[PDB]
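Student: Before anything else, here's the structure in question.
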Amino acid sequence: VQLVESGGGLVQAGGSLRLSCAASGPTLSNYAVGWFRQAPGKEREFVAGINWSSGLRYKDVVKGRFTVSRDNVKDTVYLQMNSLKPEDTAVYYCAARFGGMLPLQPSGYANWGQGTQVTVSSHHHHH
Amino acid sequence: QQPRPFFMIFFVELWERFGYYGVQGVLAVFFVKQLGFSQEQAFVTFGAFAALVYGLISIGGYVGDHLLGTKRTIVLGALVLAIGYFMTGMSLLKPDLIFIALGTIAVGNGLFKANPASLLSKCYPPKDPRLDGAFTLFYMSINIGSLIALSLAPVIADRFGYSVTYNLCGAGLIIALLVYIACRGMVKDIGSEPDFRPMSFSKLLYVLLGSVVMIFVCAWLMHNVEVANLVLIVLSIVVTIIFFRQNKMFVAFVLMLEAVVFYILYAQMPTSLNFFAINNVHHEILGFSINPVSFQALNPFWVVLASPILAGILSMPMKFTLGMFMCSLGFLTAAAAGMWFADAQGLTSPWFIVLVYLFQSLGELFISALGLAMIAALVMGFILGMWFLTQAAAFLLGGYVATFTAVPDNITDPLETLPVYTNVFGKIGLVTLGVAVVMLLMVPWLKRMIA
Ligand SMILES: CCCCCCCCCCCCO[C@@H]1O[C@H](CO)[C@@H](O[C@H]2O[C@H](CO)[C@@H](O)[C@H](O)[C@H]2O)[C@H](O)[C@H]1O
Ligand SMILES: CCCCCCCCCCCC
Ligand SMILES: CCCCCCCCCC
Ligand SMILES: CCCCCCCC
Ligand SMILES: CCCCCC
């Protein structure tokens, strides 16, 4: 019912970060967990998610780069973010909805994390 | 307002039904999530379980009337049921126990169910005016227990796990037994004839032996639904043959087939309508988040509010006809909500499911509340057996019908599942409307036959 997000931060283009979502009282195992993100000046948008029985859903621009997975012993959901690009900069939120569905809009989810800042710099080393 | 044993029976019934509906509300989700069944397997297995729970009700009335006595059989049924709930809680350590545990609930229910109502009938002098009101309060007792269990058991299972949920079902039975034992003095001169002779240990052992045999047969049938299908198919055609060989009974037959359709539809609440709420309805109403499995509690909810009103407010075939029209409208409302009133993300307002359940509950109040009472007005033991057989068949058929809404576990998009639900619910509603119209047409001839 209350999710704690961890693992955001600052990274250079082409790098990787992993976000994690954990719930307090209810076992997360019964929940589809969707990751949303809100970039400066736009709305929360669905990024990726896993339902209560390992079905996966992805936004097109993150396929082949982000992986959602679930550790049901530790009751945790992970977003592994590889080949990160500047336009992935956003506040990321996990959201939880009971069951097998991952709806695309925030109103489909009742339980929300507080949000974790992810920043991707165009920084690259000097040649 | 009522005799003192009325309140004992009210609360025993309340707590027994709390245990039962605590299991029923979570069972299909338990099958899917905990045992890894597909939704199809879960739906047909729930159908088989429900068929056994309902078909075995015929045994407990006979056991209470003629073998052990009503009061002894209440105690025995309650004990077997409590054992079944604790075995179900134990099945999480020992998964292989699950079917045996459900068979124990089915058999326990079979022994128990008929006997409190029978007992209640004996709390009143024979033509007491208060009887009708007492039985309406008895139905309300059933539905208060069901409302609490269907509301709270999914929440409990989510927060603390299934073992705790099932152990609390068992505890509800233990406390039904404690209030019975504590109130034992209120029914000392109330009972069937065997209640007042010393208990025959021969008959008790026959009942225990048969119970254990039945528990194992139930476990097997629920594990192998594909042979339960033919068992009930051949029993049905055969008992149909022997009913046709042996005209107020013909009216009993047509009302029985109508009841079958009603129970096929009633069987959707814990399966296809449960997963429709999970997958395609918003889980928020009046600003509160809820567990969508709890939406099943809308059925007892509407019954609790509507039974006094409808008690305050043609005759048999028309009441049946009205119930069938109500049920048709429940499923057409479900289809309409999905076809025209969904969000762009594929989700519908829970007020549509509130309305679905209102219609379905009115259907219940017109039909199942008022069915075998005046099937008993047209009629014997053979027709009771055939009745319970047909209602068990209806629950198996209902599990099969539910499989048309089954969703593979990898689907995550509500716009993929919504048309499946809408197609099936719309077709159920159209077929049920047709059935309601043919019943309407048959109402006058039927009402003549009743003369
Ligand atoms: C239409 C029938 C409604 C059933 C009524 C529910 C009974 C009340 C629940 C017990 C007290 C509330 O306790 C809690 O409240 C929060 C917000 O209210 C609800 O919601 C929270 O838990 C449930 C399951 O555990 C999750 O599906 C839900 O998304 C989560 O946010 C739950 O229902 C209940 O776990
Ligand atoms: C009221 C008297 C209690 C009777 C309990 C007898 C149980 C017999 C056990 C038979 C084992 C199969
Ligand atoms: C190896 C798992 C077998 C589980 C059997 C459970 C039986 C318990 C009887 C009370
Ligand atoms: C009233 C006592 C009933 C005894 C039934 C118990 C059988 C184990
Ligand atoms: C009584 C109707 C049975 C239908 C089986 C396909």
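How things are named: the first chain in the structure tokens is A, the next is B, and so on; residues count from 1 in each chain; ligands count from 1 in the order shown.
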For segment 62-77 of chain A, find every residue with an atom within 10 Å (counting only C-alpha atoms), except residues of its own chain fewer than 3 positions away, and show them as a PDB file with N, CA, C and O atoms, in the first residue's frame.

Tutor:
```pdb
ATOM      1  N   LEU A   3       4.797   2.012  -1.182  1.00  0.00           N
ATOM      2  CA  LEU A   3       5.970   1.502  -1.856  1.00  0.00           C
ATOM      3  C   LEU A   3       7.127   2.437  -1.568  1.00  0.00           C
ATOM      4  O   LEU A   3       6.953   3.649  -1.504  1.00  0.00           O
ATOM      5  N   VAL A   4       8.293   1.854  -1.351  1.00  0.00           N
ATOM      6  CA  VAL A   4       9.538   2.583  -1.200  1.00  0.00           C
ATOM      7  C   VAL A   4      10.373   2.276  -2.432  1.00  0.00           C
ATOM      8  O   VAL A   4      10.624   1.103  -2.754  1.00  0.00           O
ATOM      9  N   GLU A   5      10.747   3.335  -3.148  1.00  0.00           N
ATOM     10  CA  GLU A   5      11.655   3.239  -4.278  1.00  0.00           C
ATOM     11  C   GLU A   5      13.070   3.495  -3.806  1.00  0.00           C
ATOM     12  O   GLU A   5      13.307   4.241  -2.857  1.00  0.00           O
ATOM     13  N   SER A  16      24.163   2.680 -16.988  1.00  0.00           N
ATOM     14  CA  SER A  16      23.109   1.857 -16.427  1.00  0.00           C
ATOM     15  C   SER A  16      22.782   2.248 -14.988  1.00  0.00           C
ATOM     16  O   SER A  16      23.659   2.664 -14.223  1.00  0.00           O
ATOM     17  N   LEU A  17      21.523   2.013 -14.601  1.00  0.00           N
ATOM     18  CA  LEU A  17      21.044   2.184 -13.234  1.00  0.00           C
ATOM     19  C   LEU A  17      19.956   1.160 -12.981  1.00  0.00           C
ATOM     20  O   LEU A  17      19.352   0.645 -13.924  1.00  0.00           O
ATOM     21  N   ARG A  18      19.772   0.771 -11.728  1.00  0.00           N
ATOM     22  CA  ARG A  18      18.689  -0.148 -11.434  1.00  0.00           C
ATOM     23  C   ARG A  18      17.825   0.486 -10.348  1.00  0.00           C
ATOM     24  O   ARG A  18      18.337   0.911  -9.314  1.00  0.00           O
ATOM     25  N   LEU A  19      16.527   0.575 -10.592  1.00  0.00           N
ATOM     26  CA  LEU A  19      15.569   1.009  -9.588  1.00  0.00           C
ATOM     27  C   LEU A  19      14.951  -0.219  -8.955  1.00  0.00           C
ATOM     28  O   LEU A  19      14.871  -1.277  -9.581  1.00  0.00           O
ATOM     29  N   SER A  20      14.536  -0.079  -7.700  1.00  0.00           N
ATOM     30  CA  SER A  20      13.847  -1.154  -7.000  1.00  0.00           C
ATOM     31  C   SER A  20      12.656  -0.596  -6.236  1.00  0.00           C
ATOM     32  O   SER A  20      12.681   0.539  -5.752  1.00  0.00           O
ATOM     33  N   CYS A  21      11.606  -1.417  -6.158  1.00  0.00           N
ATOM     34  CA  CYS A  21      10.343  -1.106  -5.496  1.00  0.00           C
ATOM     35  C   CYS A  21      10.018  -2.189  -4.468  1.00  0.00           C
ATOM     36  O   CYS A  21      10.111  -3.393  -4.767  1.00  0.00           O
ATOM     37  N   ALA A  22       9.752  -1.759  -3.235  1.00  0.00           N
ATOM     38  CA  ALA A  22       9.341  -2.658  -2.159  1.00  0.00           C
ATOM     39  C   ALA A  22       8.094  -2.114  -1.480  1.00  0.00           C
ATOM     40  O   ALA A  22       7.892  -0.902  -1.432  1.00  0.00           O
ATOM     41  N   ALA A  23       7.197  -3.001  -1.069  1.00  0.00           N
ATOM     42  CA  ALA A  23       5.970  -2.602  -0.393  1.00  0.00           C
ATOM     43  C   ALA A  23       6.085  -2.866   1.104  1.00  0.00           C
ATOM     44  O   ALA A  23       6.825  -3.746   1.549  1.00  0.00           O
ATOM     45  N   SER A  24       5.244  -2.204   1.884  1.00  0.00           N
ATOM     46  CA  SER A  24       5.243  -2.425   3.349  1.00  0.00           C
ATOM     47  C   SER A  24       4.350  -3.605   3.717  1.00  0.00           C
ATOM     48  O   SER A  24       4.834  -4.744   3.661  1.00  0.00           O
ATOM     49  N   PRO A  26       1.195  -5.087   2.490  1.00  0.00           N
ATOM     50  CA  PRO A  26       0.715  -6.069   1.557  1.00  0.00           C
ATOM     51  C   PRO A  26       1.880  -6.716   0.816  1.00  0.00           C
ATOM     52  O   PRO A  26       2.808  -6.027   0.486  1.00  0.00           O
ATOM     53  N   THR A  27       1.834  -8.030   0.636  1.00  0.00           N
ATOM     54  CA  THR A  27       2.846  -8.649  -0.205  1.00  0.00           C
ATOM     55  C   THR A  27       2.673  -8.185  -1.648  1.00  0.00           C
ATOM     56  O   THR A  27       1.618  -8.397  -2.262  1.00  0.00           O
ATOM     57  N   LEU A  28       3.738  -7.591  -2.193  1.00  0.00           N
ATOM     58  CA  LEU A  28       3.779  -7.136  -3.582  1.00  0.00           C
ATOM     59  C   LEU A  28       3.494  -8.242  -4.584  1.00  0.00           C
ATOM     60  O   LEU A  28       3.206  -7.937  -5.740  1.00  0.00           O
ATOM     61  N   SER A  29       3.530  -9.507  -4.162  1.00  0.00           N
ATOM     62  CA  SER A  29       3.381 -10.630  -5.086  1.00  0.00           C
ATOM     63  C   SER A  29       2.046 -10.630  -5.826  1.00  0.00           C
ATOM     64  O   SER A  29       1.954 -11.175  -6.931  1.00  0.00           O
ATOM     65  N   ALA A  32       0.577  -6.261  -9.994  1.00  0.00           N
ATOM     66  CA  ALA A  32       1.269  -5.682 -11.134  1.00  0.00           C
ATOM     67  C   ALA A  32       1.940  -4.383 -10.704  1.00  0.00           C
ATOM     68  O   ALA A  32       1.304  -3.506 -10.116  1.00  0.00           O
ATOM     69  N   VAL A  33       3.232  -4.268 -10.978  1.00  0.00           N
ATOM     70  CA  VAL A  33       3.995  -3.070 -10.667  1.00  0.00           C
ATOM     71  C   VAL A  33       4.397  -2.414 -11.978  1.00  0.00           C
ATOM     72  O   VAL A  33       5.042  -3.043 -12.833  1.00  0.00           O
ATOM     73  N   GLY A  34       3.923  -1.189 -12.168  1.00  0.00           N
ATOM     74  CA  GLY A  34       4.291  -0.362 -13.307  1.00  0.00           C
ATOM     75  C   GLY A  34       5.245   0.733 -12.855  1.00  0.00           C
ATOM     76  O   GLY A  34       5.137   1.253 -11.738  1.00  0.00           O
ATOM     77  N   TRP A  35       6.195   1.053 -13.716  1.00  0.00           N
ATOM     78  CA  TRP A  35       7.116   2.168 -13.556  1.00  0.00           C
ATOM     79  C   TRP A  35       6.649   3.236 -14.512  1.00  0.00           C
ATOM     80  O   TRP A  35       6.471   2.965 -15.723  1.00  0.00           O
ATOM     81  N   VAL A  47       6.287   3.502 -18.340  1.00  0.00           N
ATOM     82  CA  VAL A  47       7.596   3.079 -18.828  1.00  0.00           C
ATOM     83  C   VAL A  47       7.655   1.577 -18.999  1.00  0.00           C
ATOM     84  O   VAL A  47       8.007   1.069 -20.068  1.00  0.00           O
ATOM     85  N   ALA A  48       7.328   0.850 -17.932  1.00  0.00           N
ATOM     86  CA  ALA A  48       7.524  -0.590 -18.017  1.00  0.00           C
ATOM     87  C   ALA A  48       6.847  -1.249 -16.835  1.00  0.00           C
ATOM     88  O   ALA A  48       6.706  -0.632 -15.783  1.00  0.00           O
ATOM     89  N   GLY A  49       6.438  -2.502 -17.001  1.00  0.00           N
ATOM     90  CA  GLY A  49       5.883  -3.147 -15.824  1.00  0.00           C
ATOM     91  C   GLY A  49       5.836  -4.649 -15.947  1.00  0.00           C
ATOM     92  O   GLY A  49       5.974  -5.223 -17.032  1.00  0.00           O
ATOM     93  N   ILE A  50       5.582  -5.260 -14.796  1.00  0.00           N
ATOM     94  CA  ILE A  50       5.414  -6.702 -14.638  1.00  0.00           C
ATOM     95  C   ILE A  50       4.129  -6.962 -13.846  1.00  0.00           C
ATOM     96  O   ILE A  50       3.862  -6.269 -12.853  1.00  0.00           O
ATOM     97  N   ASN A  51       3.297  -7.902 -14.324  1.00  0.00           N
ATOM     98  CA  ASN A  51       2.048  -8.213 -13.628  1.00  0.00           C
ATOM     99  C   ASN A  51       2.318  -9.267 -12.551  1.00  0.00           C
ATOM    100  O   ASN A  51       3.473  -9.585 -12.239  1.00  0.00           O
ATOM    101  N   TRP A  52       1.255  -9.745 -11.904  1.00  0.00           N
ATOM    102  CA  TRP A  52       1.426 -10.659 -10.781  1.00  0.00           C
ATOM    103  C   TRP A  52       1.900 -12.053 -11.207  1.00  0.00           C
ATOM    104  O   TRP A  52       2.261 -12.850 -10.338  1.00  0.00           O
ATOM    105  N   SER A  53       1.942 -12.351 -12.504  1.00  0.00           N
ATOM    106  CA  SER A  53       2.309 -13.667 -13.010  1.00  0.00           C
ATOM    107  C   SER A  53       3.287 -13.548 -14.169  1.00  0.00           C
ATOM    108  O   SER A  53       3.127 -14.216 -15.202  1.00  0.00           O
ATOM    109  N   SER A  54       4.263 -12.642 -14.057  1.00  0.00           N
ATOM    110  CA  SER A  54       5.412 -12.512 -14.958  1.00  0.00           C
ATOM    111  C   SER A  54       5.125 -11.996 -16.369  1.00  0.00           C
ATOM    112  O   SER A  54       6.053 -11.941 -17.169  1.00  0.00           O
ATOM    113  N   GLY A  55       3.906 -11.575 -16.698  1.00  0.00           N
ATOM    114  CA  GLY A  55       3.701 -10.870 -17.957  1.00  0.00           C
ATOM    115  C   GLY A  55       4.330  -9.481 -17.914  1.00  0.00           C
ATOM    116  O   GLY A  55       4.355  -8.811 -16.876  1.00  0.00           O
ATOM    117  N   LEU A  56       4.861  -9.050 -19.055  1.00  0.00           N
ATOM    118  CA  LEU A  56       5.639  -7.820 -19.138  1.00  0.00           C
ATOM    119  C   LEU A  56       5.021  -6.853 -20.123  1.00  0.00           C
ATOM    120  O   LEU A  56       4.533  -7.262 -21.180  1.00  0.00           O
ATOM    121  N   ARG A  57       5.140  -5.558 -19.828  1.00  0.00           N
ATOM    122  CA  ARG A  57       4.711  -4.544 -20.791  1.00  0.00           C
ATOM    123  C   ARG A  57       5.725  -3.406 -20.857  1.00  0.00           C
ATOM    124  O   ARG A  57       6.266  -2.983 -19.821  1.00  0.00           O
ATOM    125  N   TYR A  58       5.929  -2.862 -22.064  1.00  0.00           N
ATOM    126  CA  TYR A  58       6.951  -1.836 -22.239  1.00  0.00           C
ATOM    127  C   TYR A  58       6.476  -0.722 -23.152  1.00  0.00           C
ATOM    128  O   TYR A  58       5.797  -0.970 -24.156  1.00  0.00           O
ATOM    129  N   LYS A  59       6.906   0.499 -22.822  1.00  0.00           N
ATOM    130  CA  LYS A  59       6.862   1.595 -23.778  1.00  0.00           C
ATOM    131  C   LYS A  59       7.887   1.362 -24.887  1.00  0.00           C
ATOM    132  O   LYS A  59       8.964   0.802 -24.655  1.00  0.00           O
ATOM    133  N   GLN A  80      15.857  -2.483 -14.459  1.00  0.00           N
ATOM    134  CA  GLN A  80      17.252  -2.378 -14.861  1.00  0.00           C
ATOM    135  C   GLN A  80      17.274  -1.535 -16.133  1.00  0.00           C
ATOM    136  O   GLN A  80      16.565  -1.839 -17.095  1.00  0.00           O
ATOM    137  N   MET A  81      17.970  -0.408 -16.078  1.00  0.00           N
ATOM    138  CA  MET A  81      17.980   0.606 -17.118  1.00  0.00           C
ATOM    139  C   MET A  81      19.388   0.628 -17.731  1.00  0.00           C
ATOM    140  O   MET A  81      20.338   1.095 -17.083  1.00  0.00           O
ATOM    141  N   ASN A  82      19.535   0.081 -18.942  1.00  0.00           N
ATOM    142  CA  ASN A  82      20.797   0.091 -19.681  1.00  0.00           C
ATOM    143  C   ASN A  82      20.733   1.032 -20.885  1.00  0.00           C
ATOM    144  O   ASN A  82      19.659   1.461 -21.324  1.00  0.00           O
ATOM    145  N   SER A  83      21.921   1.341 -21.431  1.00  0.00           N
ATOM    146  CA  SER A  83      22.071   2.257 -22.568  1.00  0.00           C
ATOM    147  C   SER A  83      21.277   3.537 -22.348  1.00  0.00           C
ATOM    148  O   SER A  83      20.533   4.001 -23.217  1.00  0.00           O
ATOM    149  N   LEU A  84      21.439   4.115 -21.169  1.00  0.00           N
ATOM    150  CA  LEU A  84      20.650   5.289 -20.827  1.00  0.00           C
ATOM    151  C   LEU A  84      21.035   6.477 -21.711  1.00  0.00           C
ATOM    152  O   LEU A  84      22.199   6.653 -22.077  1.00  0.00           O
ATOM    153  N   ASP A  88      16.056  10.061 -21.140  1.00  0.00           N
ATOM    154  CA  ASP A  88      15.503   9.276 -20.041  1.00  0.00           C
ATOM    155  C   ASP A  88      15.488  10.027 -18.710  1.00  0.00           C
ATOM    156  O   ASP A  88      15.100   9.436 -17.691  1.00  0.00           O
ATOM    157  N   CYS A  94       7.274   4.013  -8.951  1.00  0.00           N
ATOM    158  CA  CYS A  94       6.584   2.741  -9.076  1.00  0.00           C
ATOM    159  C   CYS A  94       5.145   2.885  -8.574  1.00  0.00           C
ATOM    160  O   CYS A  94       4.825   3.723  -7.723  1.00  0.00           O
TER     161      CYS A  94
END
```

Student: So which bits of segment 305-408 of chain B end up helix (DSSP H, G or I) when you DSSP the backbone, as a count of residues only?

Tutor: 83

Student: Around ligand 4, which protein and nucleic acid residues have at least one atom no more than 9 Å from it, if we count only C-alpha atoms and all ligand atoms? List them as a ChimeraX atom specification.

Tutor: /B:68-69,71-77,79-80,181,195,199,204-205,208

Student: Let's have the selection written as a short mmCIF file (atom, residue, chain, number, x, y, z; two decimals), in the first residue's frame, with N, CA and C atoms.

Tutor:
```cif
data_model
loop_
_atom_site.label_atom_id
_atom_site.label_comp_id
_atom_site.auth_asym_id
_atom_site.auth_seq_id
_atom_site.Cartn_x
_atom_site.Cartn_y
_atom_site.Cartn_z
N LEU B 68 -28.89 -39.49 13.17
CA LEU B 68 -28.26 -39.01 14.38
C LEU B 68 -29.05 -37.93 15.09
N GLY B 69 -30.00 -37.29 14.42
CA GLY B 69 -30.64 -36.16 15.04
C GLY B 69 -30.06 -34.86 14.54
N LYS B 71 -29.54 -31.96 16.06
CA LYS B 71 -28.56 -31.29 16.91
C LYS B 71 -27.21 -32.00 16.88
N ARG B 72 -27.23 -33.33 16.87
CA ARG B 72 -25.98 -34.07 16.78
C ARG B 72 -25.30 -33.80 15.45
N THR B 73 -26.09 -33.70 14.38
CA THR B 73 -25.53 -33.53 13.07
C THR B 73 -25.04 -32.10 12.85
N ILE B 74 -25.65 -31.12 13.51
CA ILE B 74 -25.07 -29.78 13.53
C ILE B 74 -23.68 -29.82 14.15
N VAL B 75 -23.54 -30.50 15.30
CA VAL B 75 -22.23 -30.56 15.93
C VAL B 75 -21.22 -31.27 15.03
N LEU B 76 -21.60 -32.44 14.49
CA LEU B 76 -20.69 -33.20 13.65
C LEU B 76 -20.30 -32.42 12.39
N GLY B 77 -21.28 -31.81 11.72
CA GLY B 77 -20.96 -31.01 10.55
C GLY B 77 -20.01 -29.88 10.89
N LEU B 79 -17.83 -29.72 13.23
CA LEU B 79 -16.49 -30.23 13.51
C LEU B 79 -15.77 -30.65 12.23
N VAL B 80 -16.46 -31.35 11.33
CA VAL B 80 -15.82 -31.74 10.08
C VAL B 80 -15.42 -30.50 9.28
N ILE B 181 -22.76 -24.84 21.88
CA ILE B 181 -22.58 -25.58 23.14
C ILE B 181 -23.00 -24.73 24.33
N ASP B 195 -32.69 -37.25 17.81
CA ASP B 195 -32.07 -36.40 18.82
C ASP B 195 -32.42 -36.81 20.24
N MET B 199 -27.62 -42.03 21.22
CA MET B 199 -27.01 -42.06 19.90
C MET B 199 -26.67 -43.50 19.50
N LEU B 204 -23.54 -43.82 13.69
CA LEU B 204 -22.44 -42.85 13.71
C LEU B 204 -21.24 -43.37 12.92
N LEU B 205 -20.87 -44.64 13.13
CA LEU B 205 -19.74 -45.18 12.38
C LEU B 205 -20.04 -45.26 10.90
N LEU B 208 -19.47 -41.74 9.64
CA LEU B 208 -18.04 -41.40 9.56
C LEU B 208 -17.35 -42.13 8.42
#
```

Student: Which residues are close to residue 428 of chain B, i.e. within 9 Å by only C-alpha atoms, leaving aside same-chain residues fewer than 2 positions away? Reply as a PyMOL selection string.

Tutor: chain B and resi 265+328+331-332+423-426+430-433

Student: Would you list the residues that come within 8 Å of ligand 3? Count only C-alpha atoms and all ligand atoms and give the answer as a short mmCIF file (atom, residue, chain, number, x, y, z; two decimals) with C-alpha atoms, in the first residue's frame.

Tutor:
```cif
data_model
loop_
_atom_site.label_atom_id
_atom_site.label_comp_id
_atom_site.auth_asym_id
_atom_site.auth_seq_id
_atom_site.Cartn_x
_atom_site.Cartn_y
_atom_site.Cartn_z
CA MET B 87 -6.51 -28.63 6.66
CA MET B 90 -2.19 -26.64 6.42
CA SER B 91 -2.15 -27.15 2.63
CA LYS B 94 1.63 -29.49 2.38
CA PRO B 95 0.33 -28.49 -1.07
CA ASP B 96 -0.68 -32.11 -1.79
CA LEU B 97 -3.38 -31.78 0.88
#
```

Student: Which residues sit within 10 Å of ligand 1, counting only C-alpha atoms and all ligand atoms, listed as a PDB file with C-alpha atoms, in the first residue's frame?

Tutor:
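Below is the file that was written, out_14.pdb:
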```pdb
ATOM      1  CA  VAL A   1       0.000   0.000   0.000  1.00  0.00           C
ATOM      2  CA  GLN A   2       3.052   2.192   0.440  1.00  0.00           C
ATOM      3  CA  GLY A  25       2.267  -4.441   4.635  1.00  0.00           C
ATOM      4  CA  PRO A  26       0.715  -6.069   1.557  1.00  0.00           C
ATOM      5  CA  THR A  27       2.846  -8.649  -0.205  1.00  0.00           C
ATOM      6  CA  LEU A  28       3.779  -7.136  -3.582  1.00  0.00           C
ATOM      7  CA  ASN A  30      -0.316 -10.040  -5.834  1.00  0.00           C
ATOM      8  CA  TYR A  31       0.392  -6.764  -7.644  1.00  0.00           C
ATOM      9  CA  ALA A  96       0.997  -1.085  -7.895  1.00  0.00           C
ATOM     10  CA  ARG A  97      -2.343  -2.460  -9.075  1.00  0.00           C
ATOM     11  CA  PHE A  98      -3.811  -5.721  -7.809  1.00  0.00           C
ATOM     12  CA  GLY A  99      -3.821  -8.484 -10.429  1.00  0.00           C
ATOM     13  CA  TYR A 109      -2.966   2.325 -10.053  1.00  0.00           C
ATOM     14  CA  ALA A 110      -3.909   2.953  -6.445  1.00  0.00           C
ATOM     15  CA  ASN A 111      -0.558   2.739  -4.662  1.00  0.00           C
ATOM     16  CA  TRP A 112       2.360   5.026  -5.452  1.00  0.00           C
TER      17      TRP A 112
ATOM     18  CA  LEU B 147     -20.744 -10.013   3.484  1.00  0.00           C
ATOM     19  CA  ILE B 148     -18.119  -9.903   6.213  1.00  0.00           C
ATOM     20  CA  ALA B 149     -16.151 -12.826   4.767  1.00  0.00           C
ATOM     21  CA  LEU B 150     -16.193 -11.658   1.160  1.00  0.00           C
ATOM     22  CA  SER B 151     -15.255  -8.136   2.287  1.00  0.00           C
ATOM     23  CA  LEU B 152     -12.403  -9.021   4.661  1.00  0.00           C
ATOM     24  CA  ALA B 153     -10.957 -12.378   3.596  1.00  0.00           C
ATOM     25  CA  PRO B 154      -9.198 -11.011   0.433  1.00  0.00           C
ATOM     26  CA  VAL B 155      -7.699  -8.163   2.486  1.00  0.00           C
ATOM     27  CA  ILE B 156      -6.519 -10.636   5.114  1.00  0.00           C
ATOM     28  CA  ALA B 157      -5.087 -12.954   2.502  1.00  0.00           C
ATOM     29  CA  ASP B 158      -3.195 -10.055   0.900  1.00  0.00           C
ATOM     30  CA  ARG B 159      -1.789  -8.704   4.194  1.00  0.00           C
ATOM     31  CA  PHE B 160      -1.105 -11.904   6.153  1.00  0.00           C
ATOM     32  CA  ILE B 278      -9.715  -7.643 -11.240  1.00  0.00           C
ATOM     33  CA  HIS B 283     -10.253  -0.455  -7.904  1.00  0.00           C
ATOM     34  CA  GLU B 284     -11.513   2.769  -6.284  1.00  0.00           C
ATOM     35  CA  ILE B 285     -14.998   3.750  -5.168  1.00  0.00           C
ATOM     36  CA  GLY B 287     -12.364   7.714  -3.007  1.00  0.00           C
ATOM     37  CA  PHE B 288     -11.311   4.519  -1.162  1.00  0.00           C
ATOM     38  CA  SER B 289      -8.986   1.975  -2.695  1.00  0.00           C
ATOM     39  CA  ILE B 290     -10.222  -1.587  -2.337  1.00  0.00           C
ATOM     40  CA  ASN B 291      -9.137  -5.088  -3.153  1.00  0.00           C
ATOM     41  CA  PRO B 292     -11.154  -5.988  -6.301  1.00  0.00           C
ATOM     42  CA  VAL B 293     -11.754  -9.593  -5.032  1.00  0.00           C
ATOM     43  CA  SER B 294     -13.897  -7.918  -2.343  1.00  0.00           C
ATOM     44  CA  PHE B 295     -16.314  -6.793  -5.054  1.00  0.00           C
ATOM     45  CA  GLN B 296     -17.913 -10.262  -4.580  1.00  0.00           C
ATOM     46  CA  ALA B 297     -19.317  -8.859  -1.301  1.00  0.00           C
ATOM     47  CA  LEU B 298     -21.747  -6.755  -3.326  1.00  0.00           C
ATOM     48  CA  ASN B 299     -23.989  -9.838  -3.672  1.00  0.00           C
ATOM     49  CA  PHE B 301     -24.696  -6.577   0.447  1.00  0.00           C
ATOM     50  CA  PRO B 350     -17.077   0.207 -10.413  1.00  0.00           C
ATOM     51  CA  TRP B 351     -20.620   1.665 -10.290  1.00  0.00           C
ATOM     52  CA  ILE B 353     -20.354  -3.627 -11.208  1.00  0.00           C
ATOM     53  CA  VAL B 354     -22.488  -2.329  -8.305  1.00  0.00           C
TER      54      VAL B 354
END
```

Student: Please extract the residues at most 12 Å from ligand 5, counting only C-alpha atoms and all ligand atoms, and provide them as a PyMOL selection string, using the chain letters and residue numbers of this document.

Tutor: chain B and resi 229-230+232-237+240+256-261+263-264+389-401

Student: Quick one: residues within 7 Å of segment 32-40 of chain B, only C-alpha atoms, excluding same-chain residues fewer than 2 positions away - as a list in words?

Tutor: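 In the requested form, the answer reads residues 28, 29, 30, 42, 43, 44, 403, 406, 407 and 408 of chain B.
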
Student: Write out as a short mmCIF file (atom, residue, chain, number, x, y, z; two decimals) with C-alpha atoms, in the first residue's frame all residues of segment 142-313 of chain B that DSSP puts in strand (DSSP E or B) for this structure's backbone.

Tutor:
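Saved file out06.cif follows:
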```cif
data_model
loop_
_atom_site.label_atom_id
_atom_site.label_comp_id
_atom_site.auth_asym_id
_atom_site.auth_seq_id
_atom_site.Cartn_x
_atom_site.Cartn_y
_atom_site.Cartn_z
CA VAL B 281 -12.64 -2.22 -13.39
CA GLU B 284 -11.51 2.77 -6.28
CA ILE B 285 -15.00 3.75 -5.17
CA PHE B 288 -11.31 4.52 -1.16
CA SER B 289 -8.99 1.97 -2.70
#
```

Student: For each of B:172, B:449, B:212, B:238, take the minimum atom-to-atom distance to ligand 2, counting only C-alpha atoms and all ligand atoms, then give the residue where this is smallest.

Tutor: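 Closest candidate: B:212.
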
Student: Quick one: distance from atom CA of residue 170 of chain B to atom CA of residue 300 of chain B in Å, one decimal?

Tutor: 20.9 Å

Student: Please list as a ChimeraX atom specification every residue within 10 Å of residue 440 of chain B, counting only C-alpha atoms and excluding residues in the same chain fewer than 6 positions away.

Tutor: /B:317-318,320-322,324-325,434,446

Student: Go ahead and compute the interatomic distance for atom CA of residue 388 of chain B and atom CA of residue 55 of chain B, in Å to one decimal.

Tutor: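 Computing the Euclidean distance for atom CA of residue 388 of chain B and atom CA of residue 55 of chain B yields 4.7 Å.
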
Student: Please identify all polymer residues within 6 Å of residue 13 of chain A, counting only C-alpha atoms, omitting same-chain residues fewer than 5 positions from it, and present them as a ChimeraX atom specification.

Tutor: /A:84-85,120-122
